[PDB]
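Read through the structure below, which is laid out as structure tokens, and then see the notes.
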Amino acid sequence: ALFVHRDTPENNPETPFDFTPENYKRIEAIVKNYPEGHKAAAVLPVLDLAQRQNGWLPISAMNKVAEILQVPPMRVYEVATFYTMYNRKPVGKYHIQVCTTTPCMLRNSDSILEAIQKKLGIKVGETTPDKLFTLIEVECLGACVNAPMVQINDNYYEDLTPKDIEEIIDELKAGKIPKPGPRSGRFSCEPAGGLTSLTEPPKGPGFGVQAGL
Amino acid sequence: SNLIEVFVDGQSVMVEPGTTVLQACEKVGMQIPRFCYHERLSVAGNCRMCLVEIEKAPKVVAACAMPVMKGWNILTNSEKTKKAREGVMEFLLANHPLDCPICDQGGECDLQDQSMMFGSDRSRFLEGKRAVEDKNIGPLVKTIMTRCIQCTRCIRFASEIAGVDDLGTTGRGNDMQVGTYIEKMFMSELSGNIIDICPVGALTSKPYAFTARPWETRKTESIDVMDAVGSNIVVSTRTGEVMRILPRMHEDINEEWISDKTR
Amino acid sequence: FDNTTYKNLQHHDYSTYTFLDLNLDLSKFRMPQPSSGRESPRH
Amino acid sequence: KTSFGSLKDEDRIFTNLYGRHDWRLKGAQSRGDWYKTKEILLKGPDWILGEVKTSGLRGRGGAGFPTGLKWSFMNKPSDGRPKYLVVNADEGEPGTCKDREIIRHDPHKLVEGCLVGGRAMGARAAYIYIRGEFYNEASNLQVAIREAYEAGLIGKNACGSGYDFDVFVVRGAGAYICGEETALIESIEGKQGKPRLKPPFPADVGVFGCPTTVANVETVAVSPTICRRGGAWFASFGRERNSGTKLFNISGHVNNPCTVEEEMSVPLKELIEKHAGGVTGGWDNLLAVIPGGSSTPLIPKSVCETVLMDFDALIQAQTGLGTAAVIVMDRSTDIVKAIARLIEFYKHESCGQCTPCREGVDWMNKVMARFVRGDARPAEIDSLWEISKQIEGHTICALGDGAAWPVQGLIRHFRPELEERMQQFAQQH
Ligand SMILES: Cc1cc2nc3c(=O)[nH]c(=O)nc-3n(C[C@H](O)[C@H](O)[C@H](O)COP(=O)(O)O)c2cc1C
Ligand code: SF4
Ligand code: SF4
Ligand code: SF4
Ligand code: FES
Ligand code: FES
Ligand SMILES: [K+]
């Protein structure tokens, strides 16, 4: 990945981009979350909204965000290139993001990564020729107790095995969307083979309240 | 009345509140090493070359940014201070390119000189070095950005002195790069001043390139006549030829800047 | 009292604009923002 | 007390930790949330801060600073600027996933904590900075916030106490460094997530240049229960200056990796076998444990035998509690490769602002890569140790320290493994 921009036919300042009228209503609500006189605070959410509409960020999208919020364009380029979730070149319909940090590495995240590469016929960092999937590695995704796991767009898929990740790809490739969450049988982060705590009904309002309150 | 008392190596100094540790040391004639700090720019505190030990404090403090407290004893020459300087210098030079013979900064380089005075004399870096691509920002300033030490002086000057928010940092970590991101020219009437404030040969005068070394130039202190401001200048000559024009500090006229026509 | 099923199933149906739709939905409740006194730091 | 770690369900705070009950307002109220919130707000900030102080609560974000004293920096007359509470939900420390469960399964505890904690500080609003990957978790929090607004619990006249309070949710864009308190604030302001030097401290000049307190999600979420049940109840768990209950994440080489709430100062071995189902291959197969997320030095099996999980105990073991995220490594682990991957993580996350971490961490990463293959000399181990000491304590923020400590832990307890690899490589070349 490069952190300088070179204009091309597919990505230059005249590349067409504008927010849809509905997304301008969403931008107005975003900007109102911050004190008057501090509109630059909306750069990150608005820049991310431009990506949620367009899928990625052409330089023309960065210029529009700067124009709307009246910030210098360079200050938007700085944000776009600093945060890893901004796609500065096109990505596939399904951005597969495999966590390969140590807690996930210990629970065999390499097998998940090899399973995906074998199925899609692409290497890490590539897009499939059909442009349906892009594959990359990422750092801890905050689901370590559910390792190994991947994120596809907004959804987590956890407690994976090579068989499980192939089924998810087959479902996305078939037009369906699979359910997020663990695939090992458990629901979330509880220990497998039965709960070890929180097995009794929770207490009700006012339980254990100190006197004098 | 309003002054507070601090000590620099046990020597009492009276300073106004808000004075930084670096400024208190200046009052006793001790210049703390620096790279990112410039008295005419906003405080950055990112190079860490100014780290200094405060007596009875386990953690060294950035002298450029830290305001001094009453009764502090700043130890500008203690072993802790010296080891911090060597470590920071070691990190600055780890990826710096072996460019001194071909680099125009050589001979008047703050990285060379503070390495000699405050750094170690050898390397224990056994890896390959980083290398970054150059940026075209106009006909006046040549960029060799592998030499950049990411001090952000040019960014702060462009934004604050020149009022041009065109320079910034892109990327993260060891890949962080100073530039414009897009292909752009930094053509402001005060643009040439980033050559002076860049501590290294990352930003250099294109017209001047390769023509002289600092130690051989004769300095004539003179005045600029390109406008009616009367900016104070130094005319650098060698063997009877004018080699370049530099600013000369004058607080009441041009501070330490000149315009590009003057330069 | 059931403790055997998962009660956090709503997010299975969340969409691309779900978070920002809720933020827009919440604008009607926010107290008026404070003002630094100018339009921006460059004014 | 001498033994700790048999916490009863009635003493647990996050009673929907596993999402087996309705996470929404109706379920949250049935479980005690939002109960008598008006009375707490009418008691005043000094009473609320007093409760937080006597509970001995400490920061659950990884640094463990006394919460009651920290929150008291905001108890001062207004100078005209608004005051803000920023709740840290960035959750980036590898091994740590506790704050994720609170946000999606007990969101109303976090919202109520924002109001109670905000009241004590005198804040007008709370900004909840959640990492951008947690999209579904953020939407759950927004749904809960909308429920609280419509019931009058927050907003104008919050809970009928006459206190106006807003709760905003701001999402990140993918940066572990944005969990650092000043980097988080800069990120909220629309800049790169680069930390600030201190002073000024956030309680004086913070988000938008205004008085601000940054608090971890878990620190905030427990504050309403400490007020209802009292600081003395909380302080009856764990050792002195190590009070309360704590969320633990047990990942790595354990039979049943899980998140669980347990009492502070529980033995590490007791935690791993009572809740996680023991070490994969049994306790004798244990090699090393990272007790508090990737930034805390590892400890070997010998130390793991009797170490307690609290700030003081783990410090004496030459590590730290951190986020209380326990990563377990068994005897089949390539320990050098495991730590090298963490150094690679810190290489990818360093903001690049300041010299020792921008250059030093990348340098340490290169050395560790050669150490994994054994392509080095034993003299380079002391060099690497010295390099890590030049980063620690010389950077703007603690990410530099968090990169040096894992390296120091490996050299401290696994030097012969490093030297053995070097011998093999030399023998084969
Ligand atoms: C690199 C880095 C990442 C951090 N990430 C988090 C985080 O994700 N969540 C958190 O609560 N604190 C994090 N911290 C610690 C915060 O800076 C801060 O100490 C904490 O949020 C204060 O809240 P507390 O007192 O409730 O713990 C991080 C610190 C560093 C240096
Ligand atoms: S900037 Fe200084 S140290 Fe670097 S190559 Fe040029 S003269 Fe040498
Ligand atoms: S180009 Fe020069 S002035 Fe600008 S950040 Fe790099 S070293 Fe500093
Ligand atoms: S220590 Fe690293 S992450 Fe922290 S400010 Fe310095 S460069 Fe940025
Ligand atoms: S290490 Fe993969 S989710 Fe944390
Ligand atoms: S001169 Fe102080 S950190 Fe750079
Ligand atoms: K220069």
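Just so we're on the same page: first chain in the structure tokens is A, next is B, and so on; residues restart at 1 for each chain, and ligands are numbered from 1 in the order they show up.
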
Can you tell me, as a JSON list (two decimals) with N, CA and C atoms, in the first residue's frame, what residues are no more than 8 Å from residue D:353 when counting only C-alpha atoms, ignoring any on the same chain fewer than 5 positions away?
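Final output, selection-v5.json:
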[["chain", "number", "residue", "atom", "x", "y", "z"],
["B", 46, "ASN", "N", 7.89, 16.02, 19.53],
["B", 46, "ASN", "CA", 7.88, 14.71, 18.91],
["B", 46, "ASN", "C", 9.26, 14.12, 18.64],
["B", 150, "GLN", "N", 11.12, 13.56, 10.08],
["B", 150, "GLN", "CA", 9.73, 13.64, 10.53],
["B", 150, "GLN", "C", 9.58, 14.58, 11.72],
["B", 173, "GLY", "N", 3.18, 5.18, 11.57],
["B", 173, "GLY", "CA", 4.35, 4.45, 12.04],
["B", 173, "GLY", "C", 5.60, 4.79, 11.27],
["D", 194, "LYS", "N", -3.04, 10.72, 17.02],
["D", 194, "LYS", "CA", -1.72, 10.91, 17.58],
["D", 194, "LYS", "C", -1.83, 11.46, 18.99],
["D", 358, "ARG", "N", 8.56, 5.36, 16.53],
["D", 358, "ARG", "CA", 8.52, 5.31, 15.08],
["D", 358, "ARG", "C", 9.70, 4.51, 14.52]]

Compile the residues of chain B that lie within 7 Å of chain A, evaluated using only C-alpha atoms, and express the compilation as a PyMOL selection string. chain B and resi 165-172+180-182

Got a sec: who's within 12 Å of residue D:193, counting only C-alpha atoms, leaving out chain neighbours fewer than 2 positions off, as a PyMOL selection string? (chain A and resi 44+78-84) or (chain B and resi 171-173) or (chain D and resi 90+172-191+195-196+349-353+397)

Using DSSP on the backbone coordinates, identify all residues within stretch 134-230 of chain B classified as helix (DSSP H, G or I); present the result as a ChimeraX atom specification. /B:145-147,153-160,173-175,193-197,214-216

What's the 9 Å shell around residue B:260, counting only C-alpha atoms, without same-chain residues fewer than 6 positions away, as a count of residues only? 7

Applying 8 Å and only C-alpha atoms, which residues near residue A:90 remain after dropping the ones on its own chain fewer than 4 positions away? List them as a ChimeraX atom specification. /A:55-57

Distance limit 7 Å, atoms considered: only C-alpha atoms. Which chain A residues sit that close to chain D? Return them as number ranges by chain. A: 40-44, 78-79, 82-85, 101-103, 106-107, 139-140, 142-145, 154, 188-192, 196-198, 200, 202-206, 208-210, 213

Selection as a PyMOL selection string: residues within 9 Å of ligand 3 by only C-alpha atoms and all ligand atoms: chain B and resi 35-36+143-157+167-169+177-179+194-203

What do you get as a ChimeraX atom specification if you pick all residues at most 8 Å from ligand 2, counting only C-alpha atoms and all ligand atoms? /B:93,96-112,147-148,199-202

With a cut-off of 8 Å and counting only C-alpha atoms, select all residues of chain C in contact with chain A and give the selection as a ChimeraX atom specification. /C:1,3,6,12,16-17,20-21,23-24,27,33-41

Using only C-alpha atoms, what does the table of chain C residues within 8 Å of chain D look like, with each row giving the shortest atom pair and its distance in Å to one decimal, sorted by chain and ascending number, as a Markdown table?
| residue | atom | partner | partner_atom | distance |
| --- | --- | --- | --- | --- |
| C:2 | CA | D:20 | CA | 8.0 |
| C:3 | CA | D:20 | CA | 5.5 |
| C:4 | CA | D:20 | CA | 6.7 |
| C:5 | CA | D:20 | CA | 5.9 |
| C:6 | CA | D:20 | CA | 5.0 |
| C:7 | CA | D:20 | CA | 5.4 |
| C:8 | CA | D:19 | CA | 6.1 |
| C:11 | CA | D:136 | CA | 5.9 |
| C:14 | CA | D:136 | CA | 7.2 |
| C:18 | CA | D:139 | CA | 6.8 |
| C:19 | CA | D:139 | CA | 5.1 |
| C:22 | CA | D:142 | CA | 6.4 |
| C:23 | CA | D:142 | CA | 7.3 |
| C:26 | CA | D:146 | CA | 6.5 |
| C:29 | CA | D:155 | CA | 6.5 |
| C:30 | CA | D:166 | CA | 6.3 |
| C:31 | CA | D:156 | CA | 6.9 |
| C:34 | CA | D:82 | CA | 7.3 |

Spatial neighbours of stretch 314-324 of chain D, max dist 10 Å, only C-alpha atoms, sep filter under 5 positions, as a PyMOL selection string: chain D and resi 59-64+91+93-99+246-250+264-265+290-299+303-304+307-309+405-406+409+412

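Restricting the calculation to only C-alpha atoms and all ligand atoms, the smallest distance between ligand 4 and any of D:241, D:374, D:417, D:198 is found for D:198.
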
Determine which residues of chain B sit within 12 Å of chain C, taking into account only C-alpha atoms, and present them as a PyMOL selection string. chain B and resi 159-160+163-165

Save the residues we just selected, N, CA, C and O atoms, as a short mmCIF file (atom, residue, chain, number, x, y, z; two decimals), in the first residue's frame?
data_model
loop_
_atom_site.label_atom_id
_atom_site.label_comp_id
_atom_site.auth_asym_id
_atom_site.auth_seq_id
_atom_site.Cartn_x
_atom_site.Cartn_y
_atom_site.Cartn_z
N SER B 159 1.64 25.99 7.87
CA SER B 159 0.32 26.26 8.40
C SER B 159 0.28 27.58 9.17
O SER B 159 -0.66 28.36 9.02
N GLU B 160 1.29 27.84 10.00
CA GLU B 160 1.23 28.96 10.93
C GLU B 160 1.83 30.24 10.37
O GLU B 160 1.21 31.30 10.45
N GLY B 163 0.40 30.39 6.44
CA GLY B 163 -1.03 30.25 6.28
C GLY B 163 -1.44 29.37 5.13
O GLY B 163 -2.48 29.61 4.50
N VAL B 164 -0.66 28.34 4.82
CA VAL B 164 -0.94 27.42 3.73
C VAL B 164 -0.97 26.02 4.31
O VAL B 164 0.06 25.50 4.75
N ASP B 165 -2.14 25.39 4.30
CA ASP B 165 -2.32 24.07 4.91
C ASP B 165 -2.16 22.96 3.88
O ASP B 165 -3.00 22.07 3.76
#

List as JSON, numbers by chain the protein and nucleic acid residues near residue D:354, meaning an atom at most 8 Å away when only C-alpha atoms are counted, but skip any in the same chain fewer than 2 places from it. {"B": [45, 46, 47, 48], "D": [352, 356, 357, 358, 395, 396]}

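Using only C-alpha atoms, the nearest neighbour of chain D within the list B:162, B:212, B:88, B:242 is B:88.
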